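Chain letters run A, B, ... following the sequence lines, proteins first, then strands; residues in each count from 1. FYI, side chains are in, hydrogens and waters are out, and symmetry mates aren't considered; it's all heavy atoms of this structure. Order of appearance sets the numbers: ligands from 1, and atoms from 1 within every ligand.
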Amino acid sequence: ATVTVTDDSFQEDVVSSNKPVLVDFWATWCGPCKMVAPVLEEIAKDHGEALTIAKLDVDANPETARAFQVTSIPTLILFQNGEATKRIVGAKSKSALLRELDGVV
Amino acid sequence: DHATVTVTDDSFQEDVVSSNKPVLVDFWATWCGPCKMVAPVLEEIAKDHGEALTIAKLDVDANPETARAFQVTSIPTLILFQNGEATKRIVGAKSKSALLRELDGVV
Ligand code: NA
């Protein structure tokens, strides 16, 4: 359910997205990134009609990491109509992320 | 004694944990902008103080075992080691004056 976005695809996949997109800016070795990943997938499976969930590997896509000044990981950014509207830092439980996504799901 | 050094997952135990000099490790990444700001600051501190303090750089994505070991979730993170004990954790880019103040008593 989760989609992979890159520096090349970001504009089409996220900024030009008809529906809201939550982007997980993550890195490979980071504990909280490993933990939040399946939580996001379970959210994407449950709320797929309302919300797209995307992953952006910061090490592989440094242009987009830098554009949103990602300096803590994971950083989750909600995009609505081309604009970043929520920024959530750290692993979060399913319930905590659903709090942050209230009115979007 | 006058310049920064590189440390790795393979070299960390010998270079940092077993060092008799204090060591300041810069946990940095290619994808993180503020790391570019702090790098020359660290070099300037090494020039002035390298006989007393080793300044080491650890690229977190190349060295995932050490990055995870110190639970570095913000970049850059600078960790001071004294006798292998992590005694201070400094988060984010800092000015030369600011970093020198963080290193009070060390340099
Ligand atoms: Na890298």
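The pair B:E102-B:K88 meets the salt-bridge criterion, since a charged nitrogen lies less than 4.0 angstrom from a carboxylate oxygen. The pair B:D15-B:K21 does not count as a salt bridge, with every side-chain nitrogen at least 4.0 angstrom from each carboxylate oxygen. Of the charged side-chain nitrogens involved, at least one lies within less than 4.0 Å of a carboxylate oxygen, so that B:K96 and B:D48 count as a salt-bridged pair. Salt-bridge check for B:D1 with B:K47: failed, with every basic side-chain N at 4.0 Å or more from each acidic carboxylate O.
Of all heavy-atom pairs spanning A:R66 and B:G33, the tightest one is CD-CA, 4.3 Å.
Distances from the Na ion (ligand 1) under 3.0 Å pick out these protein N/O/S atoms: A:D59 OD1, B:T30 OG1.
Counting only N and O atoms by type, the side chains of A:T28 and A:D59 include no donor and acceptor under 3.5 Å apart.
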